Each structure stands twice: as structure tokens, then as C-alpha cells.
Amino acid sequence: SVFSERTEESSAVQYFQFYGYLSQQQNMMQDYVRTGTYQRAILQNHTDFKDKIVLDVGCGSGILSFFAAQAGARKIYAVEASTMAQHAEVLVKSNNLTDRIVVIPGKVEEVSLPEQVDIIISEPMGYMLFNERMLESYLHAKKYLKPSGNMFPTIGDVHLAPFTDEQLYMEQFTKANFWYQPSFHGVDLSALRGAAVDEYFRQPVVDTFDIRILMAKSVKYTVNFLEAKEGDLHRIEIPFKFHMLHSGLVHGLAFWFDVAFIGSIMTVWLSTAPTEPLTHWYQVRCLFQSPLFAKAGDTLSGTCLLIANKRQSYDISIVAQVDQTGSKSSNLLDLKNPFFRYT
């Protein structure tokens, strides 16, 4: 199948084991911004759902299908690959919606749906939008989408901005310098210090931060889910040119994302920006191996290349240069294993 060909089994097992927990669905559901914004988007665009056929990709508990039901959908196919699928069936039955919602256990790449749909709904966004690579299943599901059908969310924006955080940068060495001692219980650990430094810097940092550490307005990379194909997400090249608003040391790049629901009545935005209330996605920061000095007015240019890997995640490659000085720094990060710093 399409899913299995792009994912090591070991990862998929863990992934769907993870989403089989009611506690995780609860964790997502209790994020008021998320759930409220999806509900707001679906109900305020009721003309996009009333008497329509809907597909819920990865329905989990089923919450979005029930929202689609509130909006008047004629028939909702709710596909779910984890065991959560049975619980969804339970909720469908207990909410007297069996005539309207059909739970389909399995992967959307592998199940067969009987008819074309007017609209697809889903919540496939991970850290940095793309983590978990579920966006590809979302795009894959358009094989069941009627031409001129719609996608909720309709588009996704990834934002990048350079940041300064001396303490975060210093933290890595403070942790790694554990190994820089000649007699830990009589053992010289120092030979592993460089390896420890490298290991820490390959971890993207998941947490939030004060927006005051940001040194330039973000660069935006847009995925239009109506236009994009699954293959578009295998290699994501995000060039950037930052016009520095502040003078100082740039320690790395900060990441967050927005998604938009573009309905017939209105467009509704779900934002994970550090200027907005915190969500369960937080934000993500990728350090440069070496800080770059920049003056306000200078340009910081380079590339963030996201390469999809077989663990349902991405290898992140960042190259940055201060154009005015030629000072250069890069980093390569493994997004499947982020460091959760939030407290």
C-alpha cells in the first residue's frame, strides 16, 4: 500500500499505538483553540456541509465528524487506522448518528470508500506542521474528492524566523560538558564530549518562548492542500531572506504554523504563533552550530530543506549566511526525536 511503502513498520506501529489512547485524544480535544477553531470553522461554514458527503481523515474520537454532523452533512465517512476506531463507533451509536456517520477502520491509503465526497476534513498537522507526515495521507485522500471539492483545512502556512537565546545555546554545552571530566568515578569521559554536543544540537527544541527573542519578521511557506500533491511533501525546500529588525547574535531558527479553512462563507484561521495563545503544538526551535552576528538592516539568507524519512518524520537541513559579512552557519536536525524543554 501507499502508506507502508513510505514508512518503516516499527514507526507506524508506535504511531497508531500512540493514537489508540483515549488520553491522547483527550489531550488534543482539551486544547480549546484547536477544537474550538475546527468547530467554529465547520459550523460558520455550514453551507459547505449541509446535505454534503464528507470524509474525515483520521477521525480519532470522531469529534470533527460530529462537528460535520452538526453542520448538516448528509453522510460522513470517518476513517481511522488506530484502535480508536472502535470507540468512534461507540460514540456514533450513542449519539444516534449511525444513519449519518460511518466509521471505517483502516488506513485511508488502504480502505476503499464507496463514493466521491464533497469535502475532506482532517487534523493532520504535527510539530512544524509536517511532523508525522500525516499531511500526505490528507493529500492522498483527494482520490476520493470530487473535482472542485473542498479541503478543511484548505491551506497551511509554515513560518520561520531567526532568534536569539544565549541561555538556550549555552545550555547544550552545559549538558554536554558532563562528559568533559577526567575522573567520573575514576573514568575519563572527555573523549565523548564532542559526540554529546552533536547529539544535543541535532534535537529540535519543542517549547514556547517570548516573542521578544525574534529578530526578523517570519518567512512563510504555503502549502495549498487543494492544489498540492502527496509527492510535494517528500522534499520541502524553504528558501529564506530575513531582513534583520534587531542587532545581535542569531542562535537559530524558530518555527510555527497556521492553517486556514477557506469556506464559502468565511475563512477561519488556526494559528500556533508565539503571539497567539499556546497550543499542544507549542513552537519549535532549531539551533545553528555557531551563532551568527547580524546588524539590524542586514540580511540573513539561506535554506531550510525538509527531507522526509522512513520514520514518519523529517531530516531538517538549515543553511544560513549573513549576506553583508559572509559569516556562515548550518545545522542538520532529526525532527522525530525533539527535545521537550517546556516547563
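We call the rigid core whatever largest set of C-alpha positions still superposes within 1.5 Å between the two forms. Residue positions are given as counts along the sequence shown, with the first one as 1.
Superposing each structure in 9 other deposited structures of this protein on the rigid core shows that the farther-lying of 30-38 and 57-65, by root-mean-square Cα distance, is 57-65. Where the structures in 9 other deposited structures of this protein are fitted on the rigid core, 167-175 is the one of 167-175 and 67-75 whose C-alphas sit farther from the shown form on average. For the segment pair 67-75 and 124-132, the entry gives 67-75 the higher mean B-factor, averaged over Cα atoms. When the two stretches 316-324 and 12-20 are set side by side, the higher mean Cα temperature factor goes to 12-20. As recorded in the entry, 110 carries the highest CA temperature factor of 207, 110, 171, 237.
Sorting 272, 116, 177, 203 by the CA temperature factor given in the entry leaves 116 at the top. Ranked by C-alpha B-factor against the other modelled residues of its chain, residue 58 falls in the middle third. The deposited CA B-factor of residue 243 belongs to the highest third of values across its chain. For residue 263, the recorded CA B-factor ranks within the highest third of the chain. Only modelled residues enter the ranking. In this PDB entry, the Cα temperature factor of residue 252 sits in the bottom third of its chain's modelled residues, the lowest group.
Compared with the other modelled residues of the chain, the Cα B-factor recorded for residue 98 ranks in the highest third.
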